[PDB]
Amino acid sequence: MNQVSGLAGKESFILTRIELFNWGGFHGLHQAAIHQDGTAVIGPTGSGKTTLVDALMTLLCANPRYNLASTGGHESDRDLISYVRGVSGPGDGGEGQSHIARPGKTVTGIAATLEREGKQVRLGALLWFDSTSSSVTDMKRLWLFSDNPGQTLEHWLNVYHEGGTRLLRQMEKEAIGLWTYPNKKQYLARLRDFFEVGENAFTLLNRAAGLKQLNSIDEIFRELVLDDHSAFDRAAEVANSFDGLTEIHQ
Amino acid sequence: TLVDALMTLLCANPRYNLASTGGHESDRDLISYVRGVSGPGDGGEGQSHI
Amino acid sequence: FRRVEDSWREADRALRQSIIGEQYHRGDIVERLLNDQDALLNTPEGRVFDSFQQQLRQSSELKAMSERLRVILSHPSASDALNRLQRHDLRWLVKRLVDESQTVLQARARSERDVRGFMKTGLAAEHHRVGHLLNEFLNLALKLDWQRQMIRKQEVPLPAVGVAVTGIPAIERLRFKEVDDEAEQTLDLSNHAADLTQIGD
Amino acid sequence: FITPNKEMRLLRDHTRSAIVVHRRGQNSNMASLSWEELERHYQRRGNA
Amino acid sequence: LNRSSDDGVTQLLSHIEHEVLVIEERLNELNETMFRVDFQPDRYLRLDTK
Amino acid sequence: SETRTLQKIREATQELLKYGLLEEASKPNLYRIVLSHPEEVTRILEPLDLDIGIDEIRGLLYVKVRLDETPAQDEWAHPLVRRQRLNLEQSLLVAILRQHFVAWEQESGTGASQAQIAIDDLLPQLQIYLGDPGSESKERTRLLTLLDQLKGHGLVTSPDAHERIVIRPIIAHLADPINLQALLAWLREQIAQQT
Amino acid sequence: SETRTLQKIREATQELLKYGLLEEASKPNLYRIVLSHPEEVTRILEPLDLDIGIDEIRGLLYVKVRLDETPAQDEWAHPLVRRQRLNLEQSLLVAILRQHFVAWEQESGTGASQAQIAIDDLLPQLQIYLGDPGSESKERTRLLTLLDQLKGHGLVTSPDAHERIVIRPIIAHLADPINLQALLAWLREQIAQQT
Amino acid sequence: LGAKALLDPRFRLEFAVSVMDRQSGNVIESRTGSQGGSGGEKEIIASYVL
Ligand SMILES: Nc1ncnc2c1ncn2[C@@H]1O[C@H](COP(=O)(O)OP(=O)(O)O)[C@@H](O)[C@H]1O
């Protein structure tokens, strides 16, 4: 049976271990491992599976469609804010349809651990609030990208307590094999350049989950696989110049 | 197919094969059941699909 | 094609410059554009471009060129001749030229839209006087050497209207910090794990 | 593969480990187990 | 007027179509990939376009 | 007893002072309060050597330096005004904006406020005068630097998502044809300086 | 139609508004003119909901808000007045200056001799809590930047030829220094603990 | 949807469901504050009402 995955290990990078802290309906630290031959995630509906799926998604895509699997067709009932604040919402279990476990000043982090043949490479983020204000700007941000075994959320939290973002940036400057970025755009470029793929693939992956909602092959090559090259704006534009020139004529 | 057959009797215009698209649209017609069509055959003149 | 774009941008610039001039009839404006259109059927660049444009209407060669290029790139030794990106780009020559030509048409467009800007709003009423004064000012401004910052910063006699008055320096406006608390949201790295004795049948 | 409880039988045939996710009020926990450990713990549940 | 507007209306309806001759080139790669895997014990898929 | 002015009057005058102009289309209540006691506004600005400008055709109210027994000399030396003085490039862009404003006015009338142009529309209009910096981003920086200040004077809105701006009606008076002729004479003096 | 406001009253009121606070020892003529026309000045300022506070003992005049008494905005806010909230170090230096000004007004009179202190005297007080920044040049730069910022706040003067500043009387006119007292108690407690 | 509301009777009004106490006849809750997971809990009330 091992031969079906004999390609693995050798060729591609792999996803093995997911560190979580104060994400979704989880508190403190939590860990999972993924065996080099695949794995299933199990538990009663309402436990965490969609939460974990989404929790990995942030690192790879710029537009997380949270909770797509049960909702493909309409907008997600959830967002980055709700998860980070630990809002149970309708899943309150009777707690005023809201329940909020981290409303005040709080810190949240995530870190996935890709690798190949022992070469660790870690994609991690940190999101935190200073007050009950829940503006988009209130959430201060910082990504991570490292291939040094000495870096982990389990470590980065200690420094974040030891000092502000200046201290983290100082660690980045002093240490080696570590980079940080306040903008996700440059970080996503830092991904694409490493993995030698455009900006398309790492999106389609985020619509793999929506397979439940297929009508026919006729869609898979009209909404997911093919990119967009439409020209409604251009086609509209030419009609103008024609009218202006007719105006000169008249 | 069995449920489709029964449904032809109770309904004014039953929507055959509905549960294949969640509630969106019907694919088959009535006649192909009588003709016993075994799906869409090959385009090389076919005739093996009926 | 970029060179042709340069010519059309320059023509647009000159046409606007001249429009700011007060001396042209409507005929002058509407005729200079046709003179430009016939101006760019002379240079090698214009010859090239107008020759190409027809070669979409009568698509004789724009299959032959791609086809033969496909033939050449099918030869093995070509791999050594060109790096991979060169070959990929060359294989789609026709498309990239078609999509590049889109830039020039717009680069001519601007001038194709300017003249309509003069036919309609014939100067009249107080607008005539205001526009003529503005045109005089603009024309006179040309004489200056505008490169010097200090000159561009030189203060003008325009009247101070719509004056913004605010920001009174009152003592009451001053307040000090109003908190001194401090505490840490300690790190709870307790290694949690699931408890398999808790879920049912 | 994610999947609800149903047809664990199939996934036991094409995997080497599984992750359980527990729900309890508003605290949710999870563990990574090989199939053999899960089988032993089921046997103990049978002993429970 | 004719020359300019006509060049425009042609530089569009070349561009629109010309894309199709790129979509019909990507599908070769998938038909290339799907030739390496047996869908059924001695069958393989392939994609075509009307 | 006390000379306390009516609270609504104080509100309207304080707002007008805070922003230096007041449009009925935006804040009709304060505008009508001002035009209900315009002599009060005058007699309050008069202590400050300031005066109220009024243009009801565009539904606009703005404050302007008054003439003291000395006509404020160079009125820009008035103690209260917080801003600097206008300069050449600002006047150039003001003239171009007023040109577009008068065109739009002939097109749709004077009282409305829907006029607009885009960043790329402005960029050639000034690039003709200012030379080419060498990159599009640099000329955009130039234009935005000018626009920030001109907004600081209330002439224009902030750059929108479409990279356009809305002309404020007050420009009708900064670009007064009498003031334009005076500025033309001043420009002739600048020519004499160049001479 | 009717008379204008007297020139000197207008000029003095505008001067004070520009400066916020002024001294008889600085401009005695305007000081006397305003104090001879307080009704006129307040009538000029009450439409703005502003007014003036004075201290003849220390010879200082200054502005003051005159809104309607105690609205819900007890932490008041006024249109024409943008308020400020100083930082840790700014208010720290303010507390230092307050304590030494309190001492001076006892050992040198309530403004009879303008409150003074040397740079080399303020610097040790800051060093009590902040410690040595790294060099004497750094100490002087820190204290001088802070003193300049407070001078922009109208609280202190620049050091004299002997590096001695003069404390403006306005320091005695702060609203709620109880916060300063609590802050200074906290600072002394912290340094006592952190030594 | 605006035209729908203007013309469709169905879009002129909105619907909701209350949990009723069989004993007192009182309402305890009007919202499914116990739903979540992969959305598999909403099916209860919907299926019951259907
Ligand atoms: N905004 C929300 N609304 C409802 N439930 C939420 C929300 N955010 C988080 N949750 C909770 O997080 C979990 C999401 O369900 P999950 O267990 O991830 O789904 P499944 O395992 O069925 O794929 C549930 O416990 C759900 O109640």
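Residues numbered from 1 in each chain as written, not as in the entry; some residues may be left out. Chains lettered and ligands numbered in written order. Part of a larger assembly, values for the part shown. Heavy atoms only, no water.

Caption draft 1: Layout of the overall build of chain H. Secondary structure summary: chain H contains 2 helices and 2 strands in total. Secondary structure of chain H in N-to-C order comes out as α-β-β-α. For the C-alpha atoms alone, the extent of chain H along its principal axes is close to 40 × 35 × 20 Å. Scored against the burial criterion, the 50 residues of chain H give a buried share of 8%. (Helix = DSSP H or I, 4+ residues; strand = E, 2+ residues; numbered from the N terminus. Buried < 20%, exposed > 50% of the residue type's maximum accessible area, 1.4 Å probe, protein only.)

Caption draft 2: Region of the structure containing the arrangement of the chains. Ranked by contact count, the leading pair among the 10 pairs of chains in contact consists of chains C and F. Between chain B and chain E there is no contact; the minimum C-alpha to C-alpha separation amounts to 13 Å. Taking C-alpha atoms as the reference, chain G and chain H come no closer than 38 Å and do not contact one another. (Contact = heavy atoms within 4.5 Å.)

Caption draft 3: Local environment of the packing of aromatic side chains. Residue and element names in this part refer to chain A. Applying the stated criterion across every chain yields a total of 15 aromatic pairs over all chains. Aromatic side chains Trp 128 and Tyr 160 sit 5.5 Å apart centroid to centroid with 70° between the ring planes, which places their arrangement in the edge-to-face category. Here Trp 128, found in strand β5 (residues 119–129), pairs with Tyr 160, found in helix α3 (residues 153–162); they are 32 residues apart in sequence, far enough to count as distant. For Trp 128, a relative accessible area of 7% puts it in the buried group. (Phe/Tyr/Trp six-rings, centres within 6.5 Å; stacked < 30°, edge-to-face > 60°.)

Caption draft 4: Structural context of the site of the ligand. By nearness alone, 18 residues border the ligand, and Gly48(A), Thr50(A), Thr51(A), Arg23(D) and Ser38(H) come closest of all. Each of chains A, D and H places residues near the ligand. Between the ligand and the protein, one listed contact pairs an oxygen atom with a backbone N or O atom of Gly46(A) at 3.0 Å. When the free accessible area of the ligand is taken as 570 Å², the share hidden by the protein chains comes to 94%. When residues of the shell around the ligand are assigned to their parent elements, the largest contribution, 3 residues, is made by helix α1 (residues 49–57) of chain A. Class assignment for the residues of the shell around the ligand results in 3 nonpolar, 11 polar and 4 charged. (Near = heavy atom within 4 Å. Polar contact = N/O pair within 3.5 Å; in protein donor to acceptor, adjacent residues only side chain to side chain. Areas by Shrake-Rupley, 256 points an atom, 1.4 Å probe, with all protein chains shown as cover. Nonpolar A, V, L, I, M, F, W, Y, C, P; charged D, E, K, R; others polar.)

Caption draft 5: Focus on the pattern of salt bridges. Enumeration over the complete set of coordinates arrives at 63 salt bridges over all chains. Residues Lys105(A) and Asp130(A) are paired through a salt bridge, measuring 2.4 Å at the closest nitrogen-oxygen approach. Taken together, the residues span a long stretch of sequence, with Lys105(A) in the loop between α2 (80–85) and β4 (106–116) and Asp130(A) in the loop between β5 and β6 (140–146) at a distance of 25 residues. Through salt bridges with shared partners, a single network forms among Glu46(F), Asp49(F), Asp68(F), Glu69(F), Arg4(G) and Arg10(G). (Salt bridge = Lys/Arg side-chain N within 4 Å of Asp/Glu carboxyl O.)

Caption draft 6: Layout of the sheet that holds strand β2 (residues 50–55) of chain G. All names here are of chain G. Read across the open sheet, the 3 strands follow the order β1-β3-β2; overall the sheet is antiparallel. A strand with exactly one partner marks an edge of an open sheet, and here the two such strands are β1 (21–23) and β2. Looking at each pair of strands side by side, their axes are set apart by 25° on average, direction ignored. Note that β2 and strand β3 (residues 60–65) share 6 bridges and pair antiparallel. Bridged to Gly 53 within β3 is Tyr 62. Each of β1, β2 and β3 is contacted by helix α2 (residues 28–35), which is oriented at about 50° to β3, the strand it contacts most. (Pairing = 2+ DSSP bridges. Axes fitted to C-alpha atoms, helices over the stretch in contact; angles between N-to-C directions.)

The quantities given are spatial measurements derived from coordinates; they are silent on function.
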